[PDB]
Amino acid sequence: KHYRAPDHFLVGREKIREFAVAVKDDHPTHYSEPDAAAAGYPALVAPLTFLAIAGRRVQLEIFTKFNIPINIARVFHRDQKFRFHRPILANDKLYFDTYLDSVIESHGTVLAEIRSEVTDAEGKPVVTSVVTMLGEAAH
């Protein structure tokens, strides 16, 4: 099961700051661009879990496109993994290739492992995000 998301997610400068405040991150590389320059980064760098924004649309959508046998009512987010190959910076264009690595179905409960490879505009990897949904079986 491959799924390539049409269109990219465009990392906003202001949405970065907005998010960092929401998760109580106060590191200057998120708020002032000169500090990002001091750290050695052209634009504002994004908080480590910023992909929860970009990946919101993906996870909602891939459930249907993958036909995962899980009941949304009783589903639970068990595992989150990020391999930051390259830091996410403001004005980054982010493309998503989402794969279904595995499904396990035992008594009552189905455990699904979902991998999204994030690539930039050019097509070089940015972050490898792995999600593990745990839920009540449908079929």
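Start at 1 with the first residue shown and count on from there.
Higher average CA B factor: 65 to 73, of the stretches 45 to 53 and 65 to 73.
The stretch with the higher mean CA B factor, choosing between 5 to 13 and 19 to 27, is 5 to 13. Listed residues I88, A38, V110, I114 were ranked by CA B-factor as deposited; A38 comes out on top.
The PDB entry assigns its highest CA temperature factor, among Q59, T98, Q80, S102, to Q59.
Residue-level temperature factors show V130 in the lowest third of its chain, judged at the C-alpha atom.
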